[PDB]
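Read through the structure below, which is laid out as C-alpha cells, and then see the notes.
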Amino acid sequence: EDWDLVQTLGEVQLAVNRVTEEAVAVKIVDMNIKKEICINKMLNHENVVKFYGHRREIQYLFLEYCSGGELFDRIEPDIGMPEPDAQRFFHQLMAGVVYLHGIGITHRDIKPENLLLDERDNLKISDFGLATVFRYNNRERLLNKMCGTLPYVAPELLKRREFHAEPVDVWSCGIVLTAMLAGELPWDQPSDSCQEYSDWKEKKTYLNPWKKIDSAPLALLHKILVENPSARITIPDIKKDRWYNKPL
Ligand SMILES: NC[C@H]1CN(c2c(-c3ccccc3)cnc3[nH]ncc23)CCO1
C-alpha cells in the first residue's frame, strides 16, 4: 500500500513499494487528464505502458516503470543505431500501434521521447495525454484538431481541415524509423516552405539523412513518407515489406 518516491524521472517519479520493492512510475498532475485515465483503462499490451491506477488527492497516475529509459537515448546523434536494433524496435513499435488502432485509439504524438524501454529493451508506447478515440461502435471519426510535434507530424495535418487518424500515426513511425537509422530528423515540419521536405518530395536521396540509410529500409521509408495519406502505405502492408521481413 505504501510507495516510496525514490527520485524524479521526468512531473513523473520512480516509486518503490515498501514491502515488495516493486518499481512503478507516478505521474503527478495538479489541476485532458480525465481522458488520459479513461484511455489508459482500456489498454492492455506488452508494447504499451501498463496502467496500474490513479488516486484523486492533484492527481496520481500509476504507470509501468521502464528502467530502459527513452529511445532517444539509444540513438547516437548523426549516426543512429545498428540496423538490427532499429528493426526490432520498429517491429515492437508496429505491434504497439496495431493494437491501439485495433481498439480504435490513436496516440497522436509518437516520437522517441514517448517510446520507452524496459529491462529487456522492450519498447513501450507511453503518454496518452494527447491520445483520442477515432473508431467507436465500428464508426470512424476523422480528426480535425492539430496535435503532435512538428517534425513527427504528417503533412495532411498542416493542410487539411479533417484527416484519418491511422495514417497520421504511420507517418510519425516513419519519422521515428528515420531517426533510428540516421540519428537525425529530416525536417522541421512537413511543409513546402521547408527546403528539406521539398527535397525529399523530389527524391534527392543523395542528401542527408537519406544518404545514410541502406536501400532496403529506405524503400520502406519511401512508402511511409508519402504526402497523400490515401496513397501512404498501411500497417498491414508494412508488415509485408522486404526490409521489415529481412533477417538481421
Ligand atoms: N523520456 C522522458 C520520460 C521518462 N519517464 C519514464 C521513464 C524514464 C525513466 C528514466 C529516464 C527516462 C524515462 C521510465 N518509465 C516511465 N513510465 N512512465 C514514464 C516513464 C517519465 C516521463 O519522462
Side-chain angles (χ1 to χ4, degrees), residues 9-10 12 23-25 39-40 42-52 63-76 79-131 134 148-149 151-152 154 165-183 185 213-214 216-221 223-225 232-248:
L9 303 162
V12 177
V24 307
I39 284 178
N40 265 290
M42 325 168 45
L43 309 178
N44 181 58
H45 192 268
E46 64 275 11
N47 287 122
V48 179
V49 173
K50 269 161 219 313
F51 182 64
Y52 303 124
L63 299 157
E64 158 174 27
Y65 174 71
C66 313
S67 95
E70 63 185 342
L71 169 88
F72 245 137
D73 295 316
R74 291 300 238 274
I75 312 175
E76 179 71 13
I79 287 160
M81 72 177 69
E83 203 175 287
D85 304 337
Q87 199 197 41
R88 180 180 169 272
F89 286 138
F90 192 76
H91 289 154
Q92 299 181 354
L93 169 59
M94 284 302 96
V97 175
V98 167
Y99 171 76
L100 300 173
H101 295 174
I103 72 183
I105 301 175
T106 175
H107 185 282
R108 297 212 287 191
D109 201 18
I110 293 168
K111 58 188 176 177
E113 300 90 324
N114 294 328
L115 304 165
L116 307 172
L117 306 167
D118 71 13
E119 64 282 342
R120 292 171 179 176
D121 271 328
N122 296 304
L123 169 153
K124 314 274 179 160
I125 302 173
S126 136
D127 188 348
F128 291 81
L130 297 178
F134 74 86
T149 301
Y152 306 83
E166 284 161 301
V168 166
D169 284 340
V170 158
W171 180 279
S172 69
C173 289
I175 302 294
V176 168
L177 180 46
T178 304
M180 288 197 299
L181 294 171
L185 301 170
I213 300 181
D214 178 82
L218 186 49
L220 174 65
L221 291 164
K223 300 186 273 185
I224 296 175
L225 307 181
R232 190 163 318 149
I233 190 172
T234 71
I235 304 207
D237 279 343
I238 291 177
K239 276 183 176 311
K240 305 188 303 184
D241 168 78
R242 169 156 78 84
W243 178 78
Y244 196 89
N245 290 303
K246 189 173 158 175
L248 303 173

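All residue numbers in this chain count up from 1 along the given sequence. Only this structure's heavy atoms are used, side chains among them; waters, hydrogens and symmetry mates stay out.
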Between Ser126 and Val49, which heavy-atom pair has the shortest distance, and what is it? CB-CG2, 3.4 Å
Can you check whether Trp243 reaches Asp214 side chain to side chain, under 4.5 Å on heavy atoms? no
How about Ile125 and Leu100: do any of their side-chain heavy atoms sit closer than 4.5 Å? yes
Under 4.5 Å between any side-chain heavy atoms of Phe89 and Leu115, yes or no? no
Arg232 and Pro167: which non-hydrogen atoms are nearest, and at how many Å? NH1-O, 2.8 Å
Please examine the side chains of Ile224 and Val170, heavy atoms only from C-beta on, and report whether any two atoms are closer than 4.5 Å. yes
Quick check: closest heavy atoms across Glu113 and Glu70, and the distance to 0.1 Å? CA-OE1, 3.1 Å
Nearest heavy atoms of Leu130 and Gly148, plus distance in Å: CD1-N, 4.1 Å
Heavy-atom side-chain contact between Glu76 and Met81 under 4.5 Å: no
Run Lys124 and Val48 through side-chain contact (heavy atoms from CB on, under 4.5 Å) and show every step you take. CA-CA 4 Å; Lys124 314 274 179 160; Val48 179; over 6 Å; no
Under 3.5 Å: donor-acceptor pair, side chain of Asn122, backbone of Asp118: no
May I ask you to test the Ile235-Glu166 pair for a side-chain heavy-atom distance under 4.5 Å? no
Can you tell which of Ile110, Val176, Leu225 makes a side chain to side chain contact (heavy atoms under 4.5 Å, CB included) with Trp171? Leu225
Distance check, rounded to the nearest 0.5 Å: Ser67 atom OG versus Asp121 atom CG? 8.5 Å
Atom pair CG/NZ of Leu220 and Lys240 - distance to nearest 0.5 Å: 13.0 Å
Assess whether a salt bridge exists between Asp109 and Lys111, defined as any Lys/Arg side-chain N lying under 4.0 Å from an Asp/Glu carboxylate O. yes
Separation of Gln87 CD from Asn245 CG (nearest 0.5 Å): 8.0 Å
Do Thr106 and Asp169 get their side chains close enough for a donor-acceptor pair, meaning under 3.5 Å? yes
Would you say that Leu63 contacts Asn40 through its side chain, given a criterion of any heavy-atom pair below 4.5 Å between the two side chains? yes
How far apart are the closest heavy atoms of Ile75 and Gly183, and which atoms are they? CG2-CA, 3.7 Å
With the threshold set at 4.0 Å, does a side-chain nitrogen-carboxylate oxygen contact exist between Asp85 and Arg88? no
Just by modelled atom types, is the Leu123 backbone N or O under 3.5 Å from a matching donor or acceptor in the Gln92 side chain? yes
Please assess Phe51 against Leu43 for the test side-chain contact (heavy atoms from CB on, under 4.5 Å), listing each intermediate value before the final yes or no. CA-CA 7 Å; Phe51 182 64; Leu43 309 178; over 6 Å; no
The single option from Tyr152, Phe128, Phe134 passing ring-ring contact (aromatic ring centres under 6.0 Å, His included) against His107: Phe128
Taking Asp237's backbone N and O only, do any of them form a donor-acceptor pair with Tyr244's side chain (distance below 3.5 Å, no angle check)? no
Roughly how far apart are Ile213 CD1 and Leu177 CG, rounded to 0.5 Å? 7.0 Å
Separation between CG of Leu185 and CD1 of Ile175, rounded to the nearest 0.5 Å: 7.5 Å
To the nearest 0.5 Å, what is the distance between CG on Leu218 and NZ on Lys223? 11.5 Å
Please examine the side chains of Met42 and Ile105, heavy atoms only from C-beta on, and report whether any two atoms are closer than 4.5 Å. yes
Are the side chain of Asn47 and the backbone N or O of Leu93 linked by a donor-acceptor pair below 3.5 Å? no
Which heavy-atom pair separates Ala216 from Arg242 by the least distance, and what is that distance? CB-NH1, 3.8 Å
